[PDB]
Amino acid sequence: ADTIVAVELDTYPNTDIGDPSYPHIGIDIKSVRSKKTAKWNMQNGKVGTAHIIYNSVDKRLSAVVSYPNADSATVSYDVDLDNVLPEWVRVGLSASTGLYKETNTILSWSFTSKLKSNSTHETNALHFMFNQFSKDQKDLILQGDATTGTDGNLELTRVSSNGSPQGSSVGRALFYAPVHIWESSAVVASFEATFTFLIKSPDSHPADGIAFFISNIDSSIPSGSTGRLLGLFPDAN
């Protein structure tokens, strides 16, 4: 059973699992049923930016999702990630389709993590940046339908050769090195992740959306987690 903390850009309302009745961003703590959601005006066909941030002083996980010249969507949840996640994790991106579909393309992805210890306050840091993805991206672990290199992008779910998306798809990309997201003797620890994404659907109704996630290091796509489950969770609980 994986341990998942995620920020979801949820394009499709599943009101039967507590989704609000509109597209929304959310913070997910070991459940697809979001602890905090905000309305998000997803723009079919457009490049947007997501920013996710946390530090161990405020213990507050926050995300802003944005398109140029539009009002941002913002969401925040108070949570001690020390109590939720293991000491070492992987970080990734996840996306799915179900009966409705959309391209879940990633154009760029960056991440930064820093830990200062309570004994002689030495800082350990990790930073990665992808502004292009190649056919053979050896520092990503690609799971399920995820592919890299088409146009120099990361396509999290299946795209057919004519460029339209497919339903019932799920895939994820995880950064290869494990990440130390907390330590018991840290003065401050923090992270920030940003990615740019392009969600396009020929349907009237896109689905199912994209997530930034932090998981146990050995995490994999739960069985049957296409659709509303976003590649993250084994069920809707």
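Numbers for residues come from their place in the sequence shown, where the first is 1.
Per-stretch averaging of Cα B factors for 182 to 190 and 62 to 70 places 182 to 190 on top.
Look at the C-alpha B-factors of 149 to 157 and of 92 to 100. On average they run higher in 149 to 157. The PDB entry gives the largest Cα B-factor of the residues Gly209, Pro202, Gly171, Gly48 to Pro202. Comparing C-alpha B-factors across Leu126, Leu140, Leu81, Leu107 in the deposited entry, the largest value falls on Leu81. Among all modelled residues in its chain, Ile17 ranks in the highest third by Cα B-factor. Among the modelled residues of the chain, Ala1 sits in the highest third by CA temperature factor in this PDB entry.
The PDB entry assigns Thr196 a C-alpha temperature factor belonging to the lowest third of its chain's modelled residues. Ranked within its chain, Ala236 lands in the highest third, by CA B factor from the PDB record. Sorting the modelled residues of the chain by their CA temperature factor places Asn55 in the lowest third.
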